[PDB]
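Worksheet: one structure, shown below.
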Amino acid sequence: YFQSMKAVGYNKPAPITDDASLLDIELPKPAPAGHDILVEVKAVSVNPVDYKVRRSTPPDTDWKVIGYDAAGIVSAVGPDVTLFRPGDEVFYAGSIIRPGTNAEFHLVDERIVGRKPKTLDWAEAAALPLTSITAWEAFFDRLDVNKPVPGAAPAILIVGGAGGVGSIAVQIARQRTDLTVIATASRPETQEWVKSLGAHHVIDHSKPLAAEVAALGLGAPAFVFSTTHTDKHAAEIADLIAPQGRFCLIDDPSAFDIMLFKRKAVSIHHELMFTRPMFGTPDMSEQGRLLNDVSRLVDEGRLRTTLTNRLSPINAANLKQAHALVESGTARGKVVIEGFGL
Amino acid sequence: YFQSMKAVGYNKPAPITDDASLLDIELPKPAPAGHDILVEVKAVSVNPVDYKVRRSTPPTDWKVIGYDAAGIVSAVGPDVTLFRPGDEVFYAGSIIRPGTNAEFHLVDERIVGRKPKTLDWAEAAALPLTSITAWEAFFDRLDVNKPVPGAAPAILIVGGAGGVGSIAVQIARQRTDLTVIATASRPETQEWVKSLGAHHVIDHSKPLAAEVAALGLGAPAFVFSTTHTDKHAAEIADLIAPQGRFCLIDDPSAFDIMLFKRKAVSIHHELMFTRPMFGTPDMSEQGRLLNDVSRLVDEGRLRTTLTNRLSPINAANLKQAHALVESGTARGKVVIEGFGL
């Protein structure tokens, strides 16, 4: 017989309103080899990647399990692991090419795993990993914000400051760079919240962005980081950004015109937090290390959880609801589902 | 009366055929103020920007283009310190100012280089716009001295035998330790691009990724595309290292950035007009880089890319030179020299 576990998964990619779009299932409990740890998952969060996968990609397995955020306890370690031991509390995102965190136990490479912040509970920690790695790599590996753009305003504009990535990216920009942080939100309440997360200025992305930034009287931002609606804002971004500035996007515009950026010699940077573990690059262990840095900043009180919606337990009914909420594009912050049971 | 000069220019953007596509004209001779120098122009080159501008952009009464020159400093503005009358110079200038297609030309002292002593006027005129393009692409945009983890320490230059490619290969070879892989499609351009410094030359009439993989060096950190970027974009995204960097200087009409997402590859524009168009604090780096280029030329480390020399500078020869650059068949650089008959 095989030791087993509960999981949430699917076999037919489908809109969330289909009954079998996500199903409660039972699967063999895996065991860790090499550099993998096995984590007893305590909570997971839902990201736009989860619905994009779910709607399109079938198992290659009778079941496909997704989830790219967890916090949990290390249950067992492969023979090559040196970074964690059983009992350690961890948070991490994992890898798009490996079964995901929507299961009681989950394998993940020790090198992309962070120590869970002690001051957060399971759900508050689970809100953070994917979005933190996305923002941190965007600022420091892609944009390279500590390298100045000559003549620019020492400023970054974060488009979509209230969503999953925005709500951690604004805090990281405020606590770990000397930039002036300009973030966007379009209802008074989400504006107030982005401002409370650390944005120095908050502008309204229902208005043309360039005129909004010009009115602040700070000059032209060196950096722009766009988390959503890049095609609607691309021209305004090219207008407001400094010559020789740098623009990073993480969304998937379907007709982005790079020629808008030519006259200013602006670079366009993708950030995909899956790239490092997917290709097994030599700096892949930077993801575990930055998570440890984030974890320390959380425990010092410099960063805080972006959890705004908590559901329980992790089952299909609650994952479906969390997916529909992320699909809607209207939620602020992060939705986390915690526990297994009834 | 006004002191005057010959120039070549146009008043209606057109295809290179119209009798009016470019015209011989006479204009007032400018005088420099501020930080400008006035240059007595000995030779100019034609670059693709010339025909791009000529096709599309109208003028004050007449538009004068040309973005490459070598010449003698005739006069200086009162704020100039970097040059004096009699100095020999080369430079590209600015797309928002009248161009070098005239006996005398105004350009800001800060974007100007000392002309290599070892080159004649036409050989030196071949170099500045393409030198600034390549030098900025490598060192300011791609930042090739910062390695991509796990990538081959290599740069692919697509279109090695064109105007920018022919100097970019040399600058990459002389100023970095990268393996320089460049593309060319005829045995004659292949041998030439090899003689310019490329460690490997591959054939761009073939799918690039399989050509680069055949080299057995791994996946290049960097790609610098000078021509046909849309034709090669999918191949470039297959061959490049994850977290690599891709710079293009042509003008693809359908470029798909989503090809580069999976590898998290950055896409970098290089336009040498940006710094002097916007008057950025680093504008004077263009004059400095031209001085380094000049010194490398006279050291023997960079060679002129001049391959076609016409005389004198008039509308007849500029039309032929524009046709040549529009065809995309020329290797190296076409330069026109002198004013006369």
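All residue names refer to the structure tokens as shown: chains lettered A, B, ... in order, residues numbered from 1 in each chain, ligands numbered from 1 in order.
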(request) Return the neighbours of chain B among the residues of chain A, cut-off 8 Å, counting only C-alpha atoms, as a PyMOL selection string. (result) chain A and resi 142+150-151+243-244+252+255-259+261-272+274-275+279+281-283
With N, CA, C and O atoms retained, could you export that selection as an mmCIF file, in the first residue's frame?
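For reference, part.cif as written:
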data_model
loop_
_atom_site.group_PDB
_atom_site.id
_atom_site.type_symbol
_atom_site.label_atom_id
_atom_site.label_comp_id
_atom_site.auth_asym_id
_atom_site.auth_seq_id
_atom_site.Cartn_x
_atom_site.Cartn_y
_atom_site.Cartn_z
ATOM 1 N N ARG A 142 16.390 42.868 -11.800
ATOM 2 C CA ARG A 142 15.948 43.313 -13.146
ATOM 3 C C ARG A 142 16.192 44.816 -13.351
ATOM 4 O O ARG A 142 17.104 45.201 -14.066
ATOM 5 N N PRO A 150 20.938 58.755 -14.850
ATOM 6 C CA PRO A 150 21.437 60.171 -14.799
ATOM 7 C C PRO A 150 20.360 61.155 -15.165
ATOM 8 O O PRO A 150 19.669 60.986 -16.204
ATOM 9 N N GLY A 151 20.155 62.134 -14.288
ATOM 10 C CA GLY A 151 19.113 63.165 -14.488
ATOM 11 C C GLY A 151 17.692 62.776 -14.083
ATOM 12 O O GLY A 151 16.871 63.633 -13.944
ATOM 13 N N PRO A 243 14.311 59.778 -19.688
ATOM 14 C CA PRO A 243 15.273 59.222 -20.668
ATOM 15 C C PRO A 243 16.272 58.300 -20.047
ATOM 16 O O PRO A 243 16.751 58.522 -18.885
ATOM 17 N N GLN A 244 16.575 57.197 -20.774
ATOM 18 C CA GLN A 244 17.476 56.172 -20.286
ATOM 19 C C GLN A 244 16.991 55.458 -19.019
ATOM 20 O O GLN A 244 17.800 54.794 -18.344
ATOM 21 N N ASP A 252 0.771 40.290 -18.664
ATOM 22 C CA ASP A 252 0.952 39.640 -19.947
ATOM 23 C C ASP A 252 0.185 40.479 -20.984
ATOM 24 O O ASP A 252 -0.839 40.009 -21.485
ATOM 25 N N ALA A 255 -0.595 43.113 -26.689
ATOM 26 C CA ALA A 255 -0.001 43.839 -27.861
ATOM 27 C C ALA A 255 0.961 44.971 -27.460
ATOM 28 O O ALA A 255 0.722 46.106 -27.753
ATOM 29 N N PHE A 256 1.966 44.666 -26.679
ATOM 30 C CA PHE A 256 2.843 45.692 -26.121
ATOM 31 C C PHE A 256 3.721 46.244 -27.195
ATOM 32 O O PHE A 256 4.310 45.462 -27.943
ATOM 33 N N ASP A 257 3.778 47.573 -27.369
ATOM 34 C CA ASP A 257 4.560 48.142 -28.485
ATOM 35 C C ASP A 257 5.921 48.654 -27.958
ATOM 36 O O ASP A 257 6.012 49.783 -27.324
ATOM 37 N N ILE A 258 6.962 47.827 -28.093
ATOM 38 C CA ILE A 258 8.300 48.256 -27.568
ATOM 39 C C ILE A 258 8.801 49.568 -28.248
ATOM 40 O O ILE A 258 9.653 50.284 -27.684
ATOM 41 N N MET A 259 8.296 49.905 -29.418
ATOM 42 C CA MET A 259 8.730 51.086 -30.119
ATOM 43 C C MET A 259 8.373 52.372 -29.389
ATOM 44 O O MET A 259 8.959 53.360 -29.650
ATOM 45 N N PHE A 261 9.178 53.000 -26.558
ATOM 46 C CA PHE A 261 10.317 53.195 -25.673
ATOM 47 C C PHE A 261 11.652 53.534 -26.354
ATOM 48 O O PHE A 261 12.656 53.726 -25.739
ATOM 49 N N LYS A 262 11.622 53.593 -27.654
ATOM 50 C CA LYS A 262 12.857 53.709 -28.414
ATOM 51 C C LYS A 262 13.520 55.097 -28.237
ATOM 52 O O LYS A 262 14.732 55.207 -28.079
ATOM 53 N N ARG A 263 12.705 56.142 -28.375
ATOM 54 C CA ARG A 263 13.175 57.535 -28.430
ATOM 55 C C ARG A 263 13.946 57.883 -27.134
ATOM 56 O O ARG A 263 14.995 58.579 -27.164
ATOM 57 N N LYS A 264 13.435 57.364 -26.017
ATOM 58 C CA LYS A 264 14.131 57.475 -24.671
ATOM 59 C C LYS A 264 15.166 56.428 -24.354
ATOM 60 O O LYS A 264 15.805 56.480 -23.288
ATOM 61 N N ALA A 265 15.463 55.562 -25.328
ATOM 62 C CA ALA A 265 16.373 54.440 -25.113
ATOM 63 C C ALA A 265 16.047 53.700 -23.825
ATOM 64 O O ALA A 265 16.948 53.334 -23.038
ATOM 65 N N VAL A 266 14.752 53.475 -23.592
ATOM 66 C CA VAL A 266 14.331 52.786 -22.307
ATOM 67 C C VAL A 266 14.426 51.254 -22.414
ATOM 68 O O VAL A 266 14.063 50.685 -23.478
ATOM 69 N N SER A 267 14.937 50.577 -21.371
ATOM 70 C CA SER A 267 14.965 49.125 -21.396
ATOM 71 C C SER A 267 13.658 48.557 -20.803
ATOM 72 O O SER A 267 13.025 49.149 -19.899
ATOM 73 N N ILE A 268 13.262 47.402 -21.316
ATOM 74 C CA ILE A 268 12.057 46.756 -20.836
ATOM 75 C C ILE A 268 12.438 45.420 -20.245
ATOM 76 O O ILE A 268 13.015 44.540 -20.951
ATOM 77 N N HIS A 269 12.087 45.219 -18.961
ATOM 78 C CA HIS A 269 12.573 44.041 -18.238
ATOM 79 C C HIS A 269 11.438 43.124 -17.838
ATOM 80 O O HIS A 269 10.543 43.553 -17.165
ATOM 81 N N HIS A 270 11.488 41.856 -18.203
ATOM 82 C CA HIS A 270 10.514 40.933 -17.653
ATOM 83 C C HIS A 270 10.924 40.516 -16.239
ATOM 84 O O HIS A 270 12.114 40.521 -15.946
ATOM 85 N N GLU A 271 9.977 40.232 -15.346
ATOM 86 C CA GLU A 271 10.356 39.533 -14.109
ATOM 87 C C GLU A 271 9.383 38.374 -14.121
ATOM 88 O O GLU A 271 8.182 38.559 -14.372
ATOM 89 N N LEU A 272 9.969 37.180 -13.975
ATOM 90 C CA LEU A 272 9.229 35.938 -13.841
ATOM 91 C C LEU A 272 9.962 35.160 -12.712
ATOM 92 O O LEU A 272 11.100 34.701 -12.881
ATOM 93 N N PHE A 274 9.428 32.311 -11.663
ATOM 94 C CA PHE A 274 9.661 30.884 -12.086
ATOM 95 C C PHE A 274 10.958 30.593 -12.840
ATOM 96 O O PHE A 274 11.357 29.433 -12.967
ATOM 97 N N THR A 275 11.638 31.643 -13.325
ATOM 98 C CA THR A 275 12.720 31.426 -14.284
ATOM 99 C C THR A 275 13.873 30.711 -13.608
ATOM 100 O O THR A 275 14.416 29.688 -14.104
ATOM 101 N N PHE A 279 14.917 26.800 -14.793
ATOM 102 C CA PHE A 279 16.167 26.502 -15.518
ATOM 103 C C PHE A 279 17.298 26.024 -14.600
ATOM 104 O O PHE A 279 18.368 25.690 -15.103
ATOM 105 N N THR A 281 19.159 27.849 -12.586
ATOM 106 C CA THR A 281 20.314 28.765 -12.750
ATOM 107 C C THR A 281 21.228 28.770 -11.501
ATOM 108 O O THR A 281 20.744 28.430 -10.391
ATOM 109 N N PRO A 282 22.513 29.207 -11.646
ATOM 110 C CA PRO A 282 23.461 29.125 -10.537
ATOM 111 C C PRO A 282 23.085 30.096 -9.411
ATOM 112 O O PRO A 282 23.558 29.943 -8.282
ATOM 113 N N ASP A 283 22.294 31.132 -9.713
ATOM 114 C CA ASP A 283 21.830 32.043 -8.649
ATOM 115 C C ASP A 283 20.419 31.644 -8.125
ATOM 116 O O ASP A 283 19.765 32.445 -7.428
#
(request) Show which residues sit within 7 Å of residue 152 in chain A, as a ChimeraX atom specification. Count only C-alpha atoms, and ignore same-chain residues fewer than 5 positions away. (result) /A:219-222,242
Just asking: which residues within range 3-105 of chain A are helix (DSSP H, G or I) according to DSSP, as a PDB file with N, CA, C and O atoms, in the first residue's frame?
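The resulting file, out.pdb, is reproduced below:
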ATOM      1  N   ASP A  19     -18.248  22.556 -12.113  1.00  0.00           N
ATOM      2  CA  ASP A  19     -18.118  21.748 -10.861  1.00  0.00           C
ATOM      3  C   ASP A  19     -16.772  21.060 -10.678  1.00  0.00           C
ATOM      4  O   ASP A  19     -16.287  20.946  -9.591  1.00  0.00           O
ATOM      5  N   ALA A  20     -16.238  20.467 -11.715  1.00  0.00           N
ATOM      6  CA  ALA A  20     -15.029  19.748 -11.525  1.00  0.00           C
ATOM      7  C   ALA A  20     -13.781  20.584 -11.867  1.00  0.00           C
ATOM      8  O   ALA A  20     -12.757  20.028 -12.161  1.00  0.00           O
ATOM      9  N   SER A  21     -13.887  21.900 -11.845  1.00  0.00           N
ATOM     10  CA  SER A  21     -12.775  22.775 -12.152  1.00  0.00           C
ATOM     11  C   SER A  21     -11.675  22.563 -11.124  1.00  0.00           C
ATOM     12  O   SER A  21     -10.521  22.704 -11.411  1.00  0.00           O
ATOM     13  N   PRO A  48      -2.382  35.112  -9.591  1.00  0.00           N
ATOM     14  CA  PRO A  48      -2.937  35.025 -10.954  1.00  0.00           C
ATOM     15  C   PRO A  48      -2.409  33.824 -11.724  1.00  0.00           C
ATOM     16  O   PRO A  48      -3.132  33.209 -12.549  1.00  0.00           O
ATOM     17  N   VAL A  49      -1.151  33.438 -11.472  1.00  0.00           N
ATOM     18  CA  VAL A  49      -0.628  32.229 -12.169  1.00  0.00           C
ATOM     19  C   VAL A  49      -1.530  31.012 -11.924  1.00  0.00           C
ATOM     20  O   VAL A  49      -1.797  30.182 -12.867  1.00  0.00           O
ATOM     21  N   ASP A  50      -2.069  30.898 -10.691  1.00  0.00           N
ATOM     22  CA  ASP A  50      -2.934  29.722 -10.420  1.00  0.00           C
ATOM     23  C   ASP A  50      -4.128  29.635 -11.391  1.00  0.00           C
ATOM     24  O   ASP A  50      -4.454  28.544 -11.904  1.00  0.00           O
ATOM     25  N   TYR A  51      -4.789  30.748 -11.642  1.00  0.00           N
ATOM     26  CA  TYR A  51      -5.959  30.588 -12.560  1.00  0.00           C
ATOM     27  C   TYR A  51      -5.599  30.451 -14.028  1.00  0.00           C
ATOM     28  O   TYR A  51      -6.344  29.798 -14.857  1.00  0.00           O
ATOM     29  N   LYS A  52      -4.514  31.100 -14.402  1.00  0.00           N
ATOM     30  CA  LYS A  52      -3.955  30.949 -15.743  1.00  0.00           C
ATOM     31  C   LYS A  52      -3.529  29.510 -16.049  1.00  0.00           C
ATOM     32  O   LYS A  52      -3.675  29.032 -17.225  1.00  0.00           O
ATOM     33  N   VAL A  53      -2.954  28.840 -15.076  1.00  0.00           N
ATOM     34  CA  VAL A  53      -2.658  27.463 -15.241  1.00  0.00           C
ATOM     35  C   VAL A  53      -3.912  26.594 -15.298  1.00  0.00           C
ATOM     36  O   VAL A  53      -4.049  25.802 -16.184  1.00  0.00           O
ATOM     37  N   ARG A  54      -4.814  26.842 -14.366  1.00  0.00           N
ATOM     38  CA  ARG A  54      -5.989  26.049 -14.158  1.00  0.00           C
ATOM     39  C   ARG A  54      -6.877  26.085 -15.358  1.00  0.00           C
ATOM     40  O   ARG A  54      -7.382  25.109 -15.733  1.00  0.00           O
TER      41      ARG A  54
END
(request) Mind checking which residues fall within 6 Å of range 306-319 of chain A, counting only C-alpha atoms, ignoring those fewer than 6 positions away in the same chain, and posting them as a ChimeraX atom specification? (result) /A:8,22-24,124,127,333-341
(request) Could you give me, as a PyMOL selection string, each residue of range 46-257 of chain A that DSSP assigns to strand (DSSP E or B) when run on this structure's backbone? (result) chain A and resi 64+70-77+89-92+103+105-109+113-115+153-159+180-184+201-203+221-226+246-249
(message) List the spatial neighbours of range 27-36 of chain A as an MDAnalysis selection string - criterion: any atom at most 12 Å away, only C-alpha atoms, same-chain residues fewer than 4 positions off excluded.
(response) chainID A and resid 1:9 40 61:65 74:86 94 98:99 102:113 285
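Residue neighbourhood of residue 83 in chain B, excluding near-sequence residues (fewer than 5 positions): residues 36, 37, 73, 75, 76, 88, 89, 109, 110, 112, 113 and 114 of chain B, at 10 Å, using only C-alpha atoms.
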(request) Would you list the contacts of range 174-182 of chain B as an MDAnalysis selection string, taking every protein, DNA or RNA residue within 6 Å and counting only C-alpha atoms, but skipping same-chain residues closer than 4 positions in sequence? (result) chainID B and resid 153:158 160 198:201
